[PDB]
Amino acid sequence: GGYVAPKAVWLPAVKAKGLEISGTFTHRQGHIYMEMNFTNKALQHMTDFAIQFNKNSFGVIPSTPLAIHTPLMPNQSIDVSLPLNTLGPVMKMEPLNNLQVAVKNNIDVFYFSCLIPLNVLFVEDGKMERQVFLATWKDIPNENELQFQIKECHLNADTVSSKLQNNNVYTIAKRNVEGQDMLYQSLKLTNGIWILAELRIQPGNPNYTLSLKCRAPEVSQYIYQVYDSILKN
């Protein structure tokens, strides 16, 4: 499967009258989920749970109301799987992948923010045709190209391609030139943006060089972050 970050505390019980929420994001077969653990550290039960997202850069929104039938009792912990889609209202956020959230129960409402890893927004149909790749790489202005060092990665090309493909980043071509592997890759976001990539792998260097071309180059740093996470994990 694709890379899933370990759950992080998004709402600590000290800030939320005893309610702790830890979470992560998954994306299996195009279905995006916010996977959470709610823990009641308090002395009273908790009921009447609901959640709301603020508008955000990629229009992420829950697909259903929160799934919680019975009271969450003192010292109880439950796993909550919230399906999301990208058909919701859009507002540019800073950082670009910031999500503002409000969760309420019977005691209060609690606001927090978390970061959506961009890889959960990589769609399954993100393999560019080869002819189109060549034309697009030429056509996108060279001033849009941004380069990044993926440091202390020493996986071979085949392993890199496989890990990336498992995360919907497709290898369109692989060439060996002057003893260096050059991997040409594509991916597409849920909002239709294509990113094209060249990944350079040498004997000699500890670091791979990632060059990214995108018509919205603001997204490139976030793509780098998740390349780095996928290849390191």
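Note that residue numbering follows the sequence shown and begins at 1.
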{"item": "Greater mean Cα temperature factor according to the PDB record, 200-208 or 40-48", "value": "200-208"}
{"item": "63-71 versus 160-168 - greater average Cα B-factor per the deposited record", "value": "63-71"}
{"item": "90, 116, 96, 123, ranked by C-alpha B-factor: the highest one", "value": "90"}
{"item": "Residue with highest C-alpha B-factor in the PDB entry, from 54, 57, 29, 190", "value": "29"}
{"item": "CA B-factor placement of residue 182, once the chain's modelled residues are sorted into thirds", "value": "middle"}
{"item": "For residue 104, the third of its chain into which the C-alpha B factor falls", "value": "lowest"}
{"item": "Position of residue 12 among the chain's modelled residues by C-alpha B-factor, lowest, middle or highest third", "value": "middle"}
{"item": "Where the record places residue 110 (Cα B-factor, split into thirds across the chain)", "value": "lowest"}
{"item": "Record-listed C-alpha B factor of residue 82: chain third", "value": "lowest"}
